[PDB]
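Engineer: any chance you can model this:
(one chain, ligands or ions: 3)
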Amino acid sequence: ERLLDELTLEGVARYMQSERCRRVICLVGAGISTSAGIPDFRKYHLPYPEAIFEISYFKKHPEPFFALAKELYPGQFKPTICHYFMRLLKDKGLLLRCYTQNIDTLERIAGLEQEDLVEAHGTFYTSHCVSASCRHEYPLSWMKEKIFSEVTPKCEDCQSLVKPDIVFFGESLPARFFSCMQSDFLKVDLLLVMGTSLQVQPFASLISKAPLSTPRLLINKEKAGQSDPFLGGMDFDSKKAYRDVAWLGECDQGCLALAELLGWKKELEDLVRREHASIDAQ
Ligand SMILES: NC(=O)c1ccc[n+]([C@@H]2O[C@H](COP(=O)([O-])OP(=O)(O)OC[C@H]3O[C@@H](n4cnc5c(N)ncnc54)[C@H](O)[C@@H]3O)[C@@H](O)[C@H]2O)c1
Ligand SMILES: Cn1nc(C(F)(F)F)cc1-c1ccccc1CO
Ligand SMILES: [Zn+2]
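Structural biologist: Numbering: from 1, shown residues only. Ligands and ions are numbered 1, 2, ... in the order given. Below is the structure:
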């Protein structure tokens with residue numbers, strides 16, 4: 001009946017190395033970056049505490065946002081074992097797409113390219129002048145220098161405010177999300193959900209966009225995605241369970257176990273160690 005021979009990580013690895021599994025979509029959240037030192041990120045006289053992340057207030061008073069940005073700026077941008085496992089998926093020719101709710105750029109530092117990524121909530125990687133007639137793009141280095149010097153970032157062409165490409169409250173989701181969703185989920189063979197509680201919509205509903213036969217593996221500290229008894233959910237434990245698997249623990253250790261099952265543990269170790277060595281050497 002089912003594509004997985006058993007509702008275990010071993011069954012998922014066997015399915016992955018079968019000829020049936022060619023296209024893997026990753027859905028990742030804050031949990032895949034806590035081991036990197038980036039925790040769950042989410043005087044100025046704010047009218048309401050959400051104003052610091054609402055677009056209108058930012059364009060009126062951006063200084064609070066950038067003060068918070070200096071306070072939260074990471075001491076290092078070192079992706080995790082999980083990030084590099086996704087890079088390995090890319091190298092092995094199995095990665096259809098990575099949908100991320102994170103803005104910390106670690107997916108790109110790990111070697112995932114823009115075509116590989118749907119950054120559902122944007123990113124700090126790129127910033128743009130807020131003027132529609134200009135839209136000058138600035139890199140993260142420029143923005144970091146502005147934030148650390150405590151100088152509000154202004155466009156060099158038109159002197160307008162420059163905003164990191166994260167999706168503020170009152171901004172729309174990137175259209176790439178919907179277009180890529182409509183195409184990708186016709187093609188997915190395996191859904192790999194890592195480090196997210198699947199509570200924020202519409203990113204959570206993504207799991208219901210997979211075909212009914214598509215196996216779905218959750219690597220997370222706690223079970224998530226099951227239908228809420230109060231209000232296509234994950235079914236790990238019922239007698240009708242057939243495709244959903246939960247590996248409970250650190251995302252790094254779950255990806256290590258999966259790589260070991262796949263025979264990739266040495267490749268993953270070498271990749272992580274060389275990339276971390278190059279980051280430390282900057
Ligand atoms: N780094 C970031 O970019 C970041 C951080 C915090 C919040 N957010 C915002 O939160 C929203 C998305 O929510 P979400 O689902 O990503 O977060 P969430 O807090 O709802 O879920 C994260 C999940 O990961 C688990 N987890 C944490 N550390 C883990 C680890 N080391 N190993 C395994 N599991 C671990 C947590 O227990 C939790 O179940 C977006 O609005 C996003 O902008 C982003
Ligand atoms: C500097 N900064 N500022 C914010 C905000 F103000 F929007 F919350 C988020 C971040 C940021 C940037 C890069 C990596 C990780 C994070 C989140 O810890
Ligand atoms: Zn400009």
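Engineer: show me what counts as buried in the longest helix along the chain.
Structural biologist: As assigned by DSSP state H, the longest helix anywhere in the chain is helix 265-280. Buried residues in helix 265-280, counted by 16 or more other CB atoms under 10 Å: 267-268, 271-272, 275-276. (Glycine included, C-beta is placed from N, CA and C.)
Engineer: just the C-alphas of stretch 46-55, formatted as CSV.
Structural biologist: Provided in CSV are the C-alpha atoms of stretch 46-55 (Å, rounded to 0.1, in the frame of the first residue of the first chain):
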residue,chain,number,x,y,z
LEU,A,46,6.3,52.4,20.2
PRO,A,47,2.5,52.9,19.9
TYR,A,48,2.2,49.1,20.0
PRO,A,49,5.0,46.6,20.5
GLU,A,50,4.4,45.0,17.1
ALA,A,51,5.2,48.4,15.4
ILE,A,52,9.0,47.6,15.3
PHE,A,53,8.1,44.9,12.7
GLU,A,54,5.2,46.7,10.9
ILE,A,55,6.2,48.4,7.6
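Engineer: that older thread, helices and strands around the longest helix of the chain, which ones?
Structural biologist: Applying 3 or more CB pairs under 8 Å, 6 or more residues apart in numbering; DSSP states H and E, one finds that helix 265-280 makes contact with helix 81-91, helix 251-262.
Engineer: again, only using 6 Å
Structural biologist: When contacts are defined as 3 or more CB pairs under 6 Å, 6 or more residues apart in numbering; DSSP states H and E, helix 265-280 packs onto helix 81-91.
Engineer: helix or strand right after the helix it packs on?
Structural biologist: strand 95-100 (DSSP states H and E).
Engineer: that following strand pairs with which strands, parallel or anti?
Structural biologist: strand 24-28 (parallel), strand 117-119 (parallel) (DSSP bridges).
Engineer: what are the contacting residues of that strand?
Structural biologist: 23-28, 86, 89, 107, 112, 116-120, 184 (CB atoms under 6 Å, 6 or more residues apart in numbering).
Engineer: now, which of those residues sits nearest ligand 3?
Structural biologist: residue 119 (22.1 Å; CB to the ion).
Engineer: hmm, back to that, okay if I get the strands paired with strand 95-100 as a markdown table plus mean neighbour count and distance to ligand 3?
Structural biologist: Compiled in a markdown table, these are given as follows (neighbours: other CB atoms under 10 Å; distance: least, CB to the ion, whole Å):
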| stretch | mean neighbour count | distance to ligand 3 |
| --- | --- | --- |
| strand 24-28 | 25 | 32 |
| strand 117-119 | 23 | 22 |
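Engineer: now those as a markdown table including distance to residue 179?
Structural biologist: Shown next, in a markdown table, are the strands paired with strand 95-100 (distance: least, CB to CB, whole Å):
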| stretch | distance to residue 179 |
| --- | --- |
| strand 24-28 | 14 |
| strand 117-119 | 9 |
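Engineer: now these in a markdown table, with distance to ligand 1?
Structural biologist: Output for the strands paired with strand 95-100, formatted as a markdown table (distance: least, CB to the nearest ligand atom, whole Å):
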| stretch | distance to ligand 1 |
| --- | --- |
| strand 24-28 | 8 |
| strand 117-119 | 10 |
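Engineer: much appreciated, bye for now.
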